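S.K.: Sharing a structure here in structure tokens format.
Derivation of every value follows stated rules applied to the coordinates shown; laboratory data play no part. Positions of Cβ are generated from backbone atoms using ideal geometry, with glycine treated the same way; all protein chains shown enter the neighbour counts.
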Amino acid sequence: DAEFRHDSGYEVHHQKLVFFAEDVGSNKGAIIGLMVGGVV
Amino acid sequence: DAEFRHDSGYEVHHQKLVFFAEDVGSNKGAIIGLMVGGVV
Amino acid sequence: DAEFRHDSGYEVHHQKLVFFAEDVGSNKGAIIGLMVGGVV
Amino acid sequence: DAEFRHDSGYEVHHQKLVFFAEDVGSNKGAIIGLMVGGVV
Amino acid sequence: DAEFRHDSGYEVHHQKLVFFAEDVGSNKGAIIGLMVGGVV
């Protein structure tokens, strides 16, 4: 009869991500393919 | 009879992402393919 | 009989994204392919 | 009769990720394929 | 009759990850394939 199936590769029910980036410093150079939330 | 299936590769039910980026510093140069929420 | 299927590659039910970008600094040059919410 | 199956490769019910990045220092150069929440 | 099965490769019910990265130092250069929460 009934079949309930829940198939999720990533499941997150409650999350709180905190990223703090601070860069006081001079003269830094980078090549970044993909950046989320960051400082060069 | 009934079949309920829920198939989600990424599921997020509650999330809170906080990104802080601060860059006090002078003279930084970058090549970034894709940037979300960031400071060069 | 009945089949209910919900197939979503990304599902987000509740989210809160906060990005803060601040750039006090002088002289920075970049090549960015795609920028959402950022400071050069 | 009934079958309930929940198959999730990653499941997180409650999480709190805190990343603090601080970089006081001068003259650092990098090649980063993909950066989330970081300082060069 | 009924079968309930929950099969999750990674399950986390409550977590608290804290990463602190601080880099006072000058002149460091790196090649990083993928960086989450770090300082070069």
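S.K.: Quick check on C:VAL36: is it over 17 Å from B:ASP23 (Cα atoms) and within 19 Å of the chain's Cα centre (by Cα)?
M.R.: yes
S.K.: Filter the range A:1-30 down to the residues that are within 30 Å of E:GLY29 (Cα to Cα) and of a type in the set (A, V, I, L, M, F, W, C) and list them by number. Break it down into steps so the answer makes sense when it comes.
M.R.: Just the residues of the range A:1-30 that are within 30 Å of E:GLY29 (Cα to Cα), to begin with: A:17-30.
Within the range A:1-30, A:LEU17, A:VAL18, A:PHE19, A:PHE20, A:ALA21, A:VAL24, A:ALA30 meet the criteria.
S.K.: Among what's in the range B:1-31 and is aliphatic (A, V, I, L, M) and not in a loop (DSSP other than H, G, I, E, B), pick the residue that is nearest to the chain's Cα centre (by Cα).
M.R.: Our first condition is that a residue be aliphatic (A, V, I, L, M); within the range B:1-31, this holds for B:2, B:12, B:17-18, B:21, B:24, B:30-31.
Adding the requirement that they be not in a loop (DSSP other than H, G, I, E, B) leaves B:12, B:17-18, B:21, B:30-31.
Details: B:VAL12: 13, B:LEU17: 8, B:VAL18: 10, B:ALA21: 13, B:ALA30: 20, B:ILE31: 19 Å.
Looking at residues that are aliphatic (A, V, I, L, M) and not in a loop (DSSP other than H, G, I, E, B), I get B:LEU17.
S.K.: Quick one: is E:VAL18 surrounded by 12 or more Cβ atoms within 10 Å (Cβ to Cβ) and either of a type in the set (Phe, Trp, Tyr) or within 7 Å of chain D (Cβ to nearest Cβ) (or both)?
M.R.: On the way: surrounded by 12 or more Cβ atoms within 10 Å (Cβ to Cβ): no; either of a type in the set (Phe, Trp, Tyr) or within 7 Å of chain D (Cβ to nearest Cβ) (or both): yes.
Taking the combined requirement at face value, the residue does not satisfy it.
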